[PDB]
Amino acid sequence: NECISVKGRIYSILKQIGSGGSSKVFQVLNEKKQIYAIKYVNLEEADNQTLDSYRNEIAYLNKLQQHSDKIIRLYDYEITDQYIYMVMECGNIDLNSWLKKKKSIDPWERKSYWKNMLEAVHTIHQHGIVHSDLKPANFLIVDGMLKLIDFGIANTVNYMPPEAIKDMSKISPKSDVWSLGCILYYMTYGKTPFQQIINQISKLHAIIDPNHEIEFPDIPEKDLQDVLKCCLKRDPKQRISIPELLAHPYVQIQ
């Protein structure tokens, strides 16, 4: 029972979640027998651009607590020149890990998760943030509710949007839409739109190639087909927005 003190409360480390070096995440038990995830960042070897990115992310996380429960809760934290400890709610599992296991998903589960994803991502767009790099590992399943863990601020090409390829000034909220689209698309067809494309240079070229038509096979839910098609238009101006997705039949009508 290795221990950690945060703002005067003692946690018992149960185990580590994943690996990582510079940051580590741990499952812990407090005095009230409640589980929490504690993120540990070692700052010993970190420059100022890096520090400032960490500090900005903690600010947005702490600020957006009050605006949506589809952002992971942050109960407390400690920050010193040497380290950061952040006491968060524990998710069951990350969306990525889960998708790799699961064969099919209940359609109601899919829909419910989708709305969670939109509620989260909309909340960050409302505060001027665009993630730019959304993937399934950015979401954590907590009691059958998806919650967003990272804002992309702090320091697989399959979910990467055309705008972000054309850059490497042009990343807007529409870019996050493409990425959520990609994630929904796996959730409906078992693969991202370009998994089958082998080389990385080939994927990147297919994401931006107007002549590369994305397969949408027909499915019972014709509305879902339409959301996938709208998220995944190559021109951001043509591409559906999040406020529009929240008003879409897929989300609104059973």
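In this text, rigid core is short for the largest set of C-alphas that superpose within 1.5 Å between two forms. Don't overthink the numbering: it's just position in the shown sequence, from 1.
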For this session: Once the rigid core is lined up, would you tell me whether 159-167 or 73-81 has the higher RMS CA deviation in 7 other deposited structures of this protein?
Result: 159-167
For this session: Using what the record says, work out whether there is a hole in the model between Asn155 and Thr156 and how many deposited residues it spans (none, 1 to 3, 4 to 9, 10 or more).
Result: 10 or more
Problem set entry | Sequence continuity check, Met168 and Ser169 (deposited residues unmodelled) | 10 or more
For this session: Could you check which stretch, 214-222 or 200-208, carries the larger mean CA temperature factor in the entry?
Result: 214-222
Exercise. Which is higher in the entry, the mean Cα B factor of 91-99 or that of 176-184?
Worked result: 91-99
Exercise. Of the choices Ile71, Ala137, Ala164, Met117, which one's C-alpha carries the largest B-factor in the record?
Worked result: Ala164
Exercise. Taking the Cα B-factors listed in the entry, which of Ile105, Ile129, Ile149, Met86 comes out highest?
Worked result: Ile105
Problem set entry | Third of chain Cα B-factors occupied by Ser22 | highest
Seminar exercise, completed: Chain thirds by Cα B factor, record data; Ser53 belongs to the lowest
Problem set entry | Relative C-alpha B-factor of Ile38, binned into the chain's lowest, middle or highest third | lowest
For this session: Within this chain's modelled residues, let me know which third the CA B factor of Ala46 belongs to: lowest, middle or highest.
Result: highest
Exercise. Among the modelled residues of its chain, does the C-alpha B-factor of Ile253 lie in the lowest, middle or highest third?
Worked result: highest
